[PDB]
Every structure is written in C-alpha cells, then in structure tokens.
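Engineer: Quick one: the structure is below, and I'll ask about it shortly.
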Amino acid sequence: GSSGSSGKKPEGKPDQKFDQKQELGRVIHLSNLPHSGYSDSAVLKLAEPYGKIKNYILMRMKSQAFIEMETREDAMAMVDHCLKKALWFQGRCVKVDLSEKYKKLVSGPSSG
C-alpha cells in the first residue's frame, strides 16, 4: 500500500566542488601561412618548441590555423618570441597571436 518514503533509499556520500580556477583559456592563432598543400605536422611543429599541444584546427580559407597549448605560459612564450623576432615558415611571414575567443579547441558545438 502507501508509505512515508520512496523505495529508492539513500546511498553514497557527496563530493561536489563549489568554485575553483581549474584552468585558463589558451589557443594560439596562426595567419598568413604558406599554400604548398602540407601535412598538419608542418604547422604543429611551429608550436611544439614552445610547449605540448592538446588540439588543433587548420583552415585552408585565407591560410590560417588554431592550436590549443597545454599551458597559457607555453602559449604566451610563442607570442613573446614572435614579438621579439617574427616567425617564418616555407618562406612566408606568419602572423602569430593568442585568441581571446578560443579558450580550447573542440569539434562541433558544446551543446547536445
């Protein structure tokens, strides 16, 4: 018949975080790239000397690329080096930046 409680009883113990700065946003932007039909490793090896890479997106349109670094210090060091001496690749001068838009790189939207 009736009961003062559900058949689903209590179990486990709660462990949920309130608030933490677990990570910061870090994606390198590359523009004015060469056009020679190269493998993705050719672009990735521009960022490999400065730190570890998580994710990337190449764009043939206007010859651009995006690269997610493991750390924001590893990313900012690539920008600082380019500001001191400009990056050259396959005989083209590369526009090196760090994106305010891109916190990380993911295929498709974050929604379901």
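Residue positions begin at 1 at the first shown residue.
The deposited model was determined using solution NMR.
Cβ coordinates are placed from backbone N, Cα and C, and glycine is handled just like the others.
Grabbed the feature section from the PDB entry, which reads as follows:
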type: SEQADV; residues: 1-7; note: expression tag
type: SEQADV; residues: 107-112; note: expression tag
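Swiss-Prot lists these features:
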type: CROSSLNK; residues: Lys8; note: SUMO2 cross-link
type: CROSSLNK; residues: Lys17; note: SUMO2 cross-link
type: CROSSLNK; residues: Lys21; note: SUMO2 cross-link
type: DOMAIN; residues: 26-101; note: domain 'RRM 2'
type: MOD_RES; residues: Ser39; note: phosphoserine
type: MOD_RES; residues: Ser41; note: phosphoserine
type: CROSSLNK; residues: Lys45; note: SUMO2 cross-link
type: MOD_RES; residues: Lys52; note: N6-acetyllysine
type: CROSSLNK; residues: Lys52; note: SUMO2 cross-link
type: MOD_RES; residues: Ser63; note: phosphoserine
type: CROSSLNK; residues: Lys84; note: SUMO2 cross-link
type: CROSSLNK; residues: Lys85; note: SUMO2 cross-link
type: MOD_RES; residues: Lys101; note: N6-acetyllysine
Engineer: Can you give me the Cα-Cα distance between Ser41 (phosphoserine) and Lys21 (SUMO2 cross-link) in Å, rounded to a whole number?
Structural biologist: 32
Engineer: Take the expression tag (107-112) and find every residue of the same chain, 6 or more past its ends, with a Cβ under 8 Å from one of its Cβ atoms.
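Structural biologist: Tertiary neighbours of the expression tag (107-112) are none.
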Engineer: Determine, to the nearest whole angstrom, how far the Cα atom of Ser39 (phosphoserine) is from the Cα atom of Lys45 (SUMO2 cross-link).
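Structural biologist: Between the alpha carbons of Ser39 (phosphoserine) and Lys45 (SUMO2 cross-link) there are 11 Å.
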Engineer: Closest to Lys17 (SUMO2 cross-link): which of the recorded positions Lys8, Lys52, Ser63, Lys84, going by Cα position?
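Structural biologist: Checked the recorded positions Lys8, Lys52, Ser63, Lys84; minimum Cα distance to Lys17 (SUMO2 cross-link) goes to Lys8.
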Engineer: Quick one: pull the CA-CA distance for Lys52 (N6-acetyllysine) versus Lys45 (SUMO2 cross-link), whole Å only.
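Structural biologist: With the alpha carbons as reference points, the distance is 10 Å.
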Engineer: By DSSP, what is the split of the domain 'RRM 2' (26-101) into helix, strand and coil residues?
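Structural biologist: Secondary-structure composition of the domain 'RRM 2' (26-101): 17 helix, 26 strand, 33 coil.
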Engineer: Quiz question: given the recorded positions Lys8, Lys21, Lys45, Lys84, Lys101, which has the greatest number of C-beta atoms lying within 10 angstroms of its own C-beta?
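Structural biologist: Comparing the recorded positions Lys8, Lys21, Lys45, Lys84, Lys101, the most crowded Cβ belongs to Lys45.
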Engineer: Would you mind reading off the Cα separation of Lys45 (SUMO2 cross-link) from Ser63 (phosphoserine), to the nearest angstrom?
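Structural biologist: Between the alpha carbons of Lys45 (SUMO2 cross-link) and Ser63 (phosphoserine) there are 16 Å.
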Engineer: Please name which of the recorded positions listed here, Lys8, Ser63, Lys84, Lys85, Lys101, is nearest in space to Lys21 (SUMO2 cross-link), Cα against Cα.
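Structural biologist: That would be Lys101, nearest by Cα distance.
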